[PDB]
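Asker: Sequence plus experimental coordinates follow:
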Amino acid sequence: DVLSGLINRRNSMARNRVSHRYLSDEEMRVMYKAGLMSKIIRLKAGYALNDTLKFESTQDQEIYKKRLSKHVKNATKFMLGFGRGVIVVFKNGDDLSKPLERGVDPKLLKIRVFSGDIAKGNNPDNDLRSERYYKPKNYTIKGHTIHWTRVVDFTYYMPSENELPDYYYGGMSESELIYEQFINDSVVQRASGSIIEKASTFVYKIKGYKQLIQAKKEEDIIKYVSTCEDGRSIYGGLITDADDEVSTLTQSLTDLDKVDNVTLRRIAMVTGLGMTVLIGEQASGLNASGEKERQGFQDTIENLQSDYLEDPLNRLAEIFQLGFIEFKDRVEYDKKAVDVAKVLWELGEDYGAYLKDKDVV
Amino acid sequence: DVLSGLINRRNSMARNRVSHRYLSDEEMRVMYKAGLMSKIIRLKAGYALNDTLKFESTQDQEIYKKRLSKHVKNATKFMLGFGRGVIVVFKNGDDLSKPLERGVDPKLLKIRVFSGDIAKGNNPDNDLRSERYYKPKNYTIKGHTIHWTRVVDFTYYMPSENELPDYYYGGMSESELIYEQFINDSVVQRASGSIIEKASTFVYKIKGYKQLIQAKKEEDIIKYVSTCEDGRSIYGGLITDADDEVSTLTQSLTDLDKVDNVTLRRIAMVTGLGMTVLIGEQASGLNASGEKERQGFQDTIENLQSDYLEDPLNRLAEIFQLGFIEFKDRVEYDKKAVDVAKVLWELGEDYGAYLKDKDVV
Amino acid sequence: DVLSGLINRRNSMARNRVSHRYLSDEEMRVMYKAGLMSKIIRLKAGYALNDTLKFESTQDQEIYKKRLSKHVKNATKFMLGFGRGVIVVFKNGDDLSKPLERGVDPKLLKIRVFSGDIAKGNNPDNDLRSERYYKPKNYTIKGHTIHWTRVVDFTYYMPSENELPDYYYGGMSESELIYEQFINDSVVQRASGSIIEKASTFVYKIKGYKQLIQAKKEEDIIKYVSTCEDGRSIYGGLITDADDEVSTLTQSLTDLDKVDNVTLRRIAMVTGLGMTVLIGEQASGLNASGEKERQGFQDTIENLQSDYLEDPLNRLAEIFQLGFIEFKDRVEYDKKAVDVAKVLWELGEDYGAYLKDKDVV
């Protein structure tokens, strides 16, 4: 697809090579505040944790729930916001070093949650012995420092190892995924507001106003126009001159909808949320109940649920002696099938063996 | 995507970096009054608290309801309005210090609710001992001061800790989330009203009116035009001159609908309410009953219900000796399934065990 | 279709011959970070591994799942990202040479996962004896080296052997498949954001500004325009001169939607994901549950499942003494048929033989 001219050079192929921005931590902070991604972070985090946690420990049901299931949500928000959510646990005595797990701390401990801004990862062992180049070995949360096994890390989508330090050992803010986007949409929107005030400008092309400004005795003509504009309406006709010329100029974003369309399409892609939510027509098919509507993007959340939330939640599960915690997605839909399972045999009367391996309860 | 020219510099990538406004408290006050967000704050607050509160204490059913469930609503409104809703409780004796919970105050106490305007957060312990950099330790509500454990804080979406003081230790007004928006829409709307009065201006390009103004004996021509305009209609034809020229100029916001569309789309996003409500077609799918219509955005409210309302309500729950309070979302829809549960067994006649673990009552 | 002119030469046939870019490893790294393909890699990898793994070893059910089924996902992501996903296994003692499989390592071993960036393939035996020109015999993961039978390779779509070294013995990043695409879309998008800010430029064609710049005493006219622009609105009419001329120029991407359409169509093709997901209308028919929605592109994933994931997973299956692992795709849909199978015979009462060879459980 390249020959016989200089087409070879000026096409989009060679005219530009690929490169990716590394948005700074301070810029990462700002987008966490900005309204658009604020819902992005809130939506995706909630869609991951809102009553979606399969607990295999019925006894002391969801002691996770009343204590730190709310800490994790702020922390897993800090995942998406900054690429590094952090949960810090330590006993009543502040310690730089590891938690004494010889007798695993029986709820004699406190809980902290930290954004990737103030948190960070420091020390990787370059050898293959204990934890590979990925996992840090000790890093500072503040002026203080916290041991590796002390701390639980909510790490998002990680890049290749050759550049993992540039994200300081963990995750990638959604901003870094859509920094192309949020800037563009903001540009779309800031321009959107200011176009209307300049949508059409009345113009008094007035002969001699060359001179009046030039003689700086232009005070009166401004006054007359100001009085004239103070009343220019459907009801009173202008009075101007043959040599005068009143005209009207319009300027407006001719393709505001197209660009706002393109920018929003991508954000739906990269974030994984539907197009409908960005437009705001949440009523249609993107909802809470998982019958068919949460199914609209549950795959993305499930992709989130089994990639960056399973690692630390399982690690958090063991540190509190809780069981292995997973996710698995009303039942009235299934009940009609349940009766079908019952009516399978009726061997006189015998238990439908398939009743148990469904939503019997 | 960058090479071979100066394209590298002028694109939306590098031509502008990201930054977020910090709207002042006084501006935060004004938007609480403004009509648009007034419904935003009212809608979202009501959608969170209107008969959505699961009470595990059937005995003295909803003593919360008749006493302060209305205080919270004004307070949780103050959450969204200013980023800081406050409930203040103290006994009959005004105290700066903590409430005597040695014997927890048995309803011998008064209730107050405060906006984030007059309220504020003051004193964080920078150490990790008791309450992390987030939670204040003592702050002033007015000229007075109130102890930390005295006061219940309705804190909205919080930013990163590095900048938490700039919001004075808690939450973020929806305005701060949509200050880009409310200004833009107001700009759309203020311009919308004034465009019609100038939608078309009749113009008397009149030869010699150069001179008549210049000789300041222009009184008569204005009088004739005023009499002429006093009757310019379909019924009487103008009389002007060959050298005269009557023309008409139109100016109008060519893309008023597009920009008003873009601005409203985002507000539906960030607030979480549907697009339909902002347009005002509330009849379609955004309603009160949670069968399918409140499901249109119940996820956002549920995201609100389990993020910023659970913390203080649970704290408020214990201070009044009430049980742990949560939320859980008519039954005639479920009843047909209920009968299906009954007809599962009919082992002679035996209780449907699945009857209890549904809406039996 | 060629005669009687010079048409023979200038048509798309001979005017350009075919050639394919070889995007470098560093460019391969960048796209892994970029937002667009970040979802591509995440989506396709998740759609392949999310609860789609048929385990023939019910005993110790899915010991794969809690230990390294998450290692593989990061590794199979590294397949798509770089064309080479790597899983490295070795005992507590670092070894260059082969793992001692005389007694196959009974879970006394560690697990590593590596991107094709830092990993690479080195040594092919050109003879046909053991492993053909495809399979390497020993390659370096870092400064270190790892034996062939030590390491498990997640190799994507491979090119012809004559050029296999140029990809260093394994796979092809999706980037290499859509480098034509990601560059083009990025070009579409970067231009999309910057067009609005220049969608319409107000122009003061002003007589004499020739001279004012030329006399470099042009300070005042800029000041007046700056004050004039500071207020140019619907409400105040411009005042300019007969010799002056105010005009407005619009520039906008006339076919932004068309090109953005074409680019997105191809990415849906090559990646295999639907068009709906790239647009972001994931709610329609591309979902998680495989009833009908995951069927939208499950063939592509199944094509992925039985091409590049079966090889190493089976190799990984044997190295851990796990059984042969495959894939096979709710049941309430099938249950109505199950009852049909039961009601086939009712020979008095006899077992429906077809019950077993379906989803009985």
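Answerer: Okay, I see it. Numbering: from 1, shown residues only, chains lettered A, B, ... in the order given.
Asker: Tell me how many other residues crowd the closest residue to residue A:306 other than its chain neighbours.
Answerer: Nearest non-adjacent residue to residue A:306, counting by CB to CB, 6 or more residues apart in numbering or on different chains: residue C:50, 6.1 Å away. For the C-beta atoms, the positions are set from N, CA and C on the backbone; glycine is no exception. When neighbours are counted by other CB atoms under 10 Å in any protein chain shown, residue C:50 registers 17.
Asker: same check, this time on the one 10 residues further on
Answerer: Residues contacting residue C:60 under the criterion other CB under 10 Å number 9.
Asker: Likewise for the one 10 residues further on?
Answerer: Residue neighbour count, defined by other CB under 10 Å, stands at 20 for residue C:70.
Asker: Can you tell me the element it falls in?
Answerer: helix C:69-82 (DSSP states H and E).
Asker: related to what we said a few turns ago, residue contacts, the residue nearest to residue A:306?
Answerer: Contacts for residue C:50 (CB atoms under 8 Å, 6 or more residues apart in numbering or on different chains) come out as A:299, A:302, A:303, A:306, C:288.
Asker: out of these, which are buried?
Answerer: A:299, A:302, A:303, A:306, C:288 (16 or more other CB atoms under 10 Å in any protein chain shown).
Asker: Which member of those is positioned nearest residue A:22?
Answerer: residue A:303 (24.4 Å; CB to CB).
Asker: In this structure that closest one contacts residue C:46, no?
Answerer: Yes. Using CB atoms under 8 Å, residue A:303 makes contact with residue C:46 at a distance of 3.6 Å.
Asker: how far away is residue A:214 from residue C:220?
Answerer: Using CB to CB, to the nearest Å, residue A:214 is found at 11 Å from residue C:220.
Asker: for residue A:277, same thing?
Answerer: From residue A:277 to residue C:220 the distance is 52 Å (CB to CB).
Asker: Which one's more surrounded, the two?
Answerer: residue A:277 (30 against 10).
Asker: Verify the stated contact: the more buried one with residue B:270.
Answerer: No. Using CB under 8 Å as the test, residue A:277 is too far from residue B:270 to be in contact (11.3 Å).
Asker: where's the closest residue to chain C within the stretch 151-300 of chain A, which helix or strand?
Answerer: Taking CB to the nearest CB, chain C has its nearest neighbour within the stretch 151-300 of chain A at residue A:268, 2.5 Å off. In the assignment (DSSP H and E), residue A:268 maps to helix A:256-271.
Asker: Report the distance from that helix to the chain centre.
Answerer: Mean C-alpha position of helix A:256-271 versus that of the full chain (CA atoms, centre = their mean, to the nearest Å) differs by 14 Å.
Asker: quick one: is it near chain B?
Answerer: Yes. Using CB under 8 Å from any CB of the partner chain, we find that helix A:256-271 touches chain B at A:256, A:257, A:260.
Asker: with those residues in mind, which one is nearest to residue A:160?
Answerer: Nearest to residue A:160 among the residues of helix A:256-271 next to chain B, counting by CB to CB, is residue A:260 at 33.3 Å.
Asker: How about the closest one, nearest residue that isn't a chain neighbour?
Answerer: residue A:188 (4.9 Å).
Asker: ok but the one you found is inside a helix, no?
Answerer: Yes. Remark: residue A:188 belongs to a helix, assigned using DSSP: H, G, I helix; E, B strand; the rest coil.
Asker: What ranges does the stretch 151-300 of chain A have for its strands?
Answerer: Ranges of strands within the stretch 151-300 of chain A are A:151-155, A:200-206, A:238-241, A:245-250, based on DSSP state E, counting those that start in this stretch.
Asker: Single out the most deeply packed of those.
Answerer: Among the strands of the stretch 151-300 of chain A, the stretch with the highest mean neighbour count (mean count of other CB atoms under 10 Å in any protein chain shown) is strand A:151-155, at a mean of 24.
Asker: residues from the stretch 51-200 of chain A in reach of chain B?
Answerer: Near chain B, when you scan the stretch 51-200 of chain A using CB under 8 Å from any CB, you find A:66, A:70, A:73-74, A:81-82, A:90, A:94, A:110, A:112, A:114-115, A:117-118, A:144, A:180, A:182-184, A:186-190, A:192-197, A:199-200.
Asker: Can you name the residues of the stretch 1-150 of chain A sitting close to chain C?
Answerer: A:1-5, A:7, A:12-13, A:16-20, A:128-129, A:132.
Asker: Just the ones in helices from these, please.
Answerer: residue A:7 (DSSP state H).
Asker: which ones are touching the nearest residue to residue A:257 once chain neighbours are set aside?
Answerer: Excluding its sequence neighbours, the residue lying closest to residue A:257 (CB to CB, 6+ apart) is residue B:258, at 5.6 Å. With contacts defined as CB under 8 Å, 6+ apart, the neighbours of residue B:258 are A:192, A:253, A:256, A:257.
Asker: would CSV of those with neighbour count and distance to residue A:326 be doable?
Answerer: Listed next are the contacts of residue B:258 as CSV, based on neighbours: other CB atoms under 10 Å in any protein chain shown; distance: CB to CB, whole Å:
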residue, neighbour count, distance to residue A:326
A:192, 27, 44
A:253, 28, 49
A:256, 23, 46
A:257, 17, 43
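Asker: Just name the closest of those residues to residue C:176, please.
Answerer: Relative to residue C:176, and with distances defined as CB to CB, the nearest of these is residue A:257, at 34.8 Å.
Asker: so the closest one touches residue B:265, yeah?
Answerer: No. Using CB under 8 Å, residue A:257 is not in contact with residue B:265; the gap is 10.5 Å.
Asker: First-to-last residue distance for stretch A:212-221?
Answerer: End-to-end distance for stretch A:212-221, by CA to CA, to the nearest Å: 8 Å.
Asker: whoops, stretch A:123-139 was the one
Answerer: With CA to CA, one end of stretch A:123-139 sits 6 Å from the other.
Asker: Then stretch A:1-18?
Answerer: 20 Å.
Asker: next one: it to chain centre, how far?
Answerer: The answer for stretch A:1-18 is 36 Å, by CA atoms, centre = their mean.
Asker: Do it and chain B come into contact?
Answerer: Yes. Judged by CB under 8 Å from any CB, stretch A:1-18 comes into contact with chain B at A:14, A:15, A:16, A:17, A:18.
Asker: Drop anything exposed from the residues you listed.
Answerer: A:15, A:16, A:17, A:18.
Asker: Closest residue of the stretch 151-300 of chain A to chain B?
Answerer: Ranked by CB to the nearest CB, the top residue of the stretch 151-300 of chain A for proximity to chain B is residue A:280, at 2.7 Å.
Asker: how far away is that residue from residue B:276?
Answerer: For residue A:280, the distance to residue B:276 - CB to CB - is 9 Å.
Asker: Comparing these two, which shows the higher neighbour count?
Answerer: For residue A:280 versus residue B:276, neighbours defined as other CB under 10 Å are more numerous around residue A:280 (24 against 21).
Asker: Contact partners for the closest residue to the more buried one other than its chain neighbours?
Answerer: Of all residues not flanking residue A:280 in the chain, residue B:268 sits nearest, at 2.7 Å (CB to CB, 6+ apart). The neighbours of residue B:268, taking CB under 8 Å, 6+ apart as the test, are A:279, A:280, A:281, A:282, B:274, B:275, B:277, B:278.
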